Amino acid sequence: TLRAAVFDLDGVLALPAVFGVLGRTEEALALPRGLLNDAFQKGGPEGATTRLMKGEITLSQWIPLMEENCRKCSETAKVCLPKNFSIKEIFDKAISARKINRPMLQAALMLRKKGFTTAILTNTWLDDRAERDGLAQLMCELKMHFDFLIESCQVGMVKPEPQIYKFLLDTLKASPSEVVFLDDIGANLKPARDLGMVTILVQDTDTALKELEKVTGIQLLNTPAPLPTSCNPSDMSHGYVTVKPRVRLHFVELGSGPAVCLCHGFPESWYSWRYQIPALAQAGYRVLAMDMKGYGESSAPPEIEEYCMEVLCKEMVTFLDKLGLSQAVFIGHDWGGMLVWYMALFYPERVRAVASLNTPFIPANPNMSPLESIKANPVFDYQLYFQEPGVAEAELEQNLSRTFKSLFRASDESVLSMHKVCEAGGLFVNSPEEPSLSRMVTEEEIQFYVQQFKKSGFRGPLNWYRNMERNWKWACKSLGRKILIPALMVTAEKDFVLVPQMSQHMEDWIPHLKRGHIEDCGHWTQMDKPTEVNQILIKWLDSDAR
């Protein structure tokens, strides 16, 4: 029975293959067929290319050796290479053109999801070209999805030498009959077959996957669209900044490029952005996913006033100061969404661009007390229930698993009434003791939230709702302003509290506002519709945040 799947890189996980460009170049330059492929393999195991693949020499050292082989081959074939003939130019273009073979990667991802050990085994080189970063990026993206990456230039062995296959088997800790090995080079398949491994000769991806599906008995073709890559908390870089003596802020950090600061809502975590973190970093951004004040590994002081918007915003500015960041793009959800609009209003110099999921920008009404305003809309009753210190803490802390399982549900799964929370005595009075697991979350994801909330509970988080008067007074100072920096408002069709219609007057305050809208999306936007969130954010970041 199979338990391991091994994939080649060139022509398998990445397309188009380089040997294809050797042929394509021959045809474009009208050179004899096979001339470049012949000069590339010249000397066989004793040749320049084998030395390169074994890591004896670098790619830049190899380039003139290939040029000499090309001259030798042309002399014998009684032809002339063109005037502007350049091996460097040919390989730069080929490497740059090679992209991840997305259906092959998805199949590798599905096999690993079903318990397979996966590896990439590749004949590759030590790339020291000025343009080497393109390939470093491709390898980085690919390698994260596999248990092992075995590179010929690191191990000093190449396919089709028998020892590299023995090295592979030892690395996998598997017998040959337990392995499926995919390669586009027939000669590189022979030793794996001779050892007793299941082998697939990859020409077109579709046929290769049909063979792979047949042999593993796992559906790989025609599958439902997969979710984006998520985060394993123990594999992330964890950052910590002291913003003031008693307050430290925790964040998770991934990628390079313009800083993108993600601000979660209530009662959440940096982990609420798990589906966005890998995608935004892959899109070319340095992601900083916060544990907002009162949450996770960030400090949670007990005082109400520590959670007013003015204090929270000041602390986020200090956070940027201590990291040496003059700006960040601020993306918020729920309470995080409210905070980011206020960052844009009070600290526009520090905000590269601003985006909110669900939370609209609504200016303070200077002619009405904030308590009066909240009372006017019945959907906001939960916010009145959250007022009295200790009441909501007791209900939410009673059974953490029940709390998160009852809260984190899709629009067509909610056990929460929301109407008359105070009158009914709580949010969960008509909710089961042992809620079913929502289709959005796994038990493991629920337990992460349970583990995080064991540290500080719900006091700090609830305090975000306990500064209505304080926030109203501060917000009133901004009434003559407009938000004129790049801005995006993302509405969720099925958020029954933060309804899309509530955002309708935003253009009055944010004339250049851009929008996104997610159909069949509830309150927990990032985990409800991660693919759609990623598409909207990446498109907006690339056009408006640079």
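For clarity, a rigid core is taken as the largest C-alpha set superposing within 1.5 Å between two forms. All residue numbers are counted from 1 along the displayed sequence.
Rigid core fits of the other structures in 9 other deposited structures of this protein place the C-alpha atoms of one stretch farther away on average; of 408 to 416 and 205 to 213, that stretch is 408 to 416. Between the stretches 435 to 443 and 356 to 364, it is 435 to 443 that shows the larger average CA temperature factor. Across the two stretches, 276 to 284 and 70 to 78, the PDB entry reports the greater mean Cα temperature factor for 70 to 78. Of the candidates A475, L201, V391, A174, it is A174 whose Cα B-factor is highest according to the PDB record.
If you compare the C-alpha temperature factors of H419, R470, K322, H238 in the entry, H419 comes out highest. Per the PDB record, residue ranking by Cα B-factor puts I485 in the lowest third of the chain. Among the modelled residues of its chain, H505 has a C-alpha B-factor that falls in the highest third, as given in the PDB entry.
The PDB entry assigns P348 a C-alpha temperature factor belonging to the lowest third of its chain's modelled residues. Ranked by Cα temperature factor within the chain, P228 sits in the middle third according to the deposited record. Among all modelled residues in its chain, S234 ranks in the middle third by Cα B-factor.
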